[PDB]
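Written below as structure tokens is the structure these notes are about.
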Amino acid sequence: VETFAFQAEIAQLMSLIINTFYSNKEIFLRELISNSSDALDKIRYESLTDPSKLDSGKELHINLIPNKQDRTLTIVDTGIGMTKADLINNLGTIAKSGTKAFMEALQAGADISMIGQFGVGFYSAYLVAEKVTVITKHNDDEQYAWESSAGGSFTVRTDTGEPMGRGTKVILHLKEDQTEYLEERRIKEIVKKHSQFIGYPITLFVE
Ligand SMILES: CC(C)NCCCn1c(Sc2cc3c(cc2Br)OCO3)nc2c(N)ncnc21
């Protein structure tokens, strides 16, 4: 298990997301489903010029899995997935500018629900999760497990769990007072309200 420090700007973004009083927390689901949709769009596009990229799975969809026992809400997709480079250096590099613009916008009248227009909606996961675990698999890399409870650092490890084929699982370890996001009625409401037009099947699991 390797431990890394988030770049200062990202750690700052996460702290703001965690400390700012902001009641409209449900927007986290929209951001994650949107990220899944972009990832699915990408593998689909790429497969048009190279069909073999779908040998790791032809089905393009999204699953929302709540589990009260583990108090987790997992967003699963069979999208493009992320490499080790994405997880450790590239995604953070890109996120640095998005964060800067977002934090300046926030000081102008913008609010946290607009975080997605700055390309860093992933971090809105910390509005409801005390810890986020990301299991991802990209076609020409191995399956990895990224993890962070914020605090300025994250870990990355080669995942020996059950193989996924290709895609990403964002496991949200929910805060004690945010278990409403494990309720079927609540999730259905949010999906219908913010992601009703996603171009991929979204299956909400029942417990
Ligand atoms: C071009 C690239 C920057 N777009 C993808 C951003 C990374 N990403 C994201 S957003 C993201 C995810 C992270 C992350 C940072 C971001 Br930003 O570190 C922990 O895992 N969600 C994705 C997903 N479901 N599938 C594939 N890629 C995902």
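Only heavy atoms go into these numbers, but all of them, side chains included; no hydrogens, no water, no symmetry mates. Just follow the structure's listing: the first ligand is 1, and inside any ligand the first atom is 1. Counting begins at 1 with the first residue of the sequence.
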Can you tell me which residue and heavy atom of the protein come closest to atom 1 (C) of ligand 1, and the distance to 0.1 Å? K42 NZ, 4.5 Å
For atom 22 (C) of ligand 1, what's the nearest protein heavy-atom neighbour? Residue, atom name and distance, please. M82 CE, 3.9 Å
So, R157 and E142, do they make that salt bridge, N to O below 4.0 Å? no
For atom 15 (C) of ligand 1, what's the nearest protein heavy atom and its distance? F122 CD2, 3.7 Å
Under 3.5 Å side-chain donor-acceptor pair for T83 and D86: yes
Applying a strict 4.0 Å limit to heavy atoms, is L91 in contact with ligand 1? yes
When you look for heavy atoms under 4.0 Å from ligand 1, do you find them on the side chain of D77, its backbone, both, or neither? side chain
Give a yes or no on this: more than 12 heavy atoms of other residues, nucleotides or ligands lie within 6.0 Å of atom CD of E176. no
Of all the non-hydrogen atoms in the protein, which one sits nearest to atom 25 (N) of ligand 1, and at what distance? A39 CB, 3.2 Å
Can we say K100 and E104 salt-bridge, meaning some charged N sits less than 4.0 Å from an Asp/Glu carboxylate O? yes
Using the six-membered ring wherever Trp is involved, compare the ring planes of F102 and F118 and label them parallel, tilted or perpendicular (cut-offs 30° and 60°). tilted
Nearest non-hydrogen contact with atom 18 (O) of ligand 1 belongs to which option: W146, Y144, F6? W146
Do me a favour and list the nearest non-hydrogen protein atom to atom 21 (N) of ligand 1 with residue, atom name and distance? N35 CB, 3.6 Å
Look at atom NZ of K42 and say whether more than 12 heavy atoms of other residues, nucleotides or ligands are closer to it than 6.0 Å. no
Presence of salt bridge, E162 and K169, under 4.0 angstrom: no
Please check atom 4 (N) of ligand 1 for a protein heavy-atom neighbour under 4.0 Å. no
